[PDB]
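Readers should treat all values here as calculations from the given coordinates under stated rules, not as data from a laboratory. All Cβ positions, even for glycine, are placed from backbone atoms using ideal geometry, and neighbour counts span all protein chains on display.
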Amino acid sequence: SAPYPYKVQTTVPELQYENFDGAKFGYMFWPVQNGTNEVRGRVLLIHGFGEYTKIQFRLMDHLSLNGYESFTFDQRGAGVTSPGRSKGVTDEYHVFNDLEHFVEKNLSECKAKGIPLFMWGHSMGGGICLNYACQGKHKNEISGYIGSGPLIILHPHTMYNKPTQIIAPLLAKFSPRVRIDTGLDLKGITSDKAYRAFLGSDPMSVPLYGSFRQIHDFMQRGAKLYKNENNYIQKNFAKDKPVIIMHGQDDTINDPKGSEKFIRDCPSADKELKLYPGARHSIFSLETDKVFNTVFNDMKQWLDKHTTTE
């Protein structure tokens, strides 16, 4: 198959397992490896639909080099956590209940070190991340929220070409356990053909199954934020918690309109949207070196700013 285009510079952590609520979660703890020892903070990574640990290698590697710990886990319905039958089998309840478990785990481990815990999410993970800031049990304990092209509203290009993504949530209630594979939009995901070749050949990426229940729940998740009925965001967003959304300008999978409106509606004093020209969907994982460097540096500087002491 096609090789993983990125060369990891630090030591790749042990793929670790932990049982919770009837699922064996695969997870990784990526330690700071930059010669100095010290840690400025830890970032919890919430992957997107169809993603898993390896996809966030590029991000965790760079974070490790710049004094930041990472924690990620294959969520229920994805990765090595839910193979075969269970692939795509999850719902709104499990999504956040599983999340609370791993938040408290990292919170406990960061408690001893006295280091801040940040939350990061891409696409589907971005929608989960921004929602956790509104509904999370420990939303006021998270030091900052980072969204990577968060799934708020689909881009018209995706809705027109993949109408099944509209039908599946519509038929979810009636037929929840129907699982479906819509295929990867490689051109929409990234502009770099090197990562395109890898993704299309990656056995852990293809095929990609999702249940109607799963799909409906993260589709509705984002729509809830976009509609913002009765000022849901203003009322429930964790008071004055730093937010930053990073979103490719040429993203034709998740509409930049969603991120623009979310930042507008967000009541926090420390909020920002960054749009990246020439960039597409997977800006933190599968895009070009030029795009990734620009995108990661903004995140790195943003993290430093919210861990600056003396």
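General remarks:
- The stretch between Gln135 and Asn293, if pulled fully straight at 0.36 nm per residue, gains 53.7 nm over its current Cα-Cα span.
- Length-normalised contact order of the chain in % [C-alpha pairs under 8 Å, at least 6 apart]: 18
- Take the Cα of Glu310, step 7 Å toward its Cβ, do the same at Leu171, and the gap between the two points is 6.3 nm.
- The chain: antiparallel DSSP beta bridges as a percent of all, rounded to 5: 35
- Model label points for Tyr160 and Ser205, set 7 angstrom from Cα along the Cα-to-Cβ axis, are 2.5 nm apart.
- Cα-Cα pairs of the chain separated by more than 33 Å (percent): 17
- Cβ-derived FRET efficiency at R0 41 Å, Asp185 paired with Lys239, nearest 0.05: 0.65
- Relative exposure of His94, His138, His122, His62, judged by other C-beta atoms within 10 Å (fewest first): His138, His94, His62, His122
- Placing dummy labels 7 Å off each Cα toward the beta-carbon, the span from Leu15 to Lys193 is 3.0 nm.
- GluC sites (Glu not before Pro) restricted to DSSP loop in the range 1-62 with at most 14 other C-beta within 10 Å: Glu14, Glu38
- For the range 217-296, a Kirkwood radius taken over Cα pairs fed into Stokes-Einstein (20 °C, viscosity 1.002 mPa s) yields D = 158 µm²/s.
- Among the GluC sites (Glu not before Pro) found in the range 241-300, not one is both in a DSSP coil and sparsely packed, with 12 or fewer other Cβ atoms within 10 Å of its Cβ.
- Per-residue Cβ neighbour rank within 10 angstrom, fewest leading, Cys110, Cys266, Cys129: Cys110, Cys266, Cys129
- Checking every one of the trypsin sites (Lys or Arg not before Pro) in the range 152-245 against DSSP loop status and a limit of 13 other Cβ atoms within 10 Å picks out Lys173, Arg177, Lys239.
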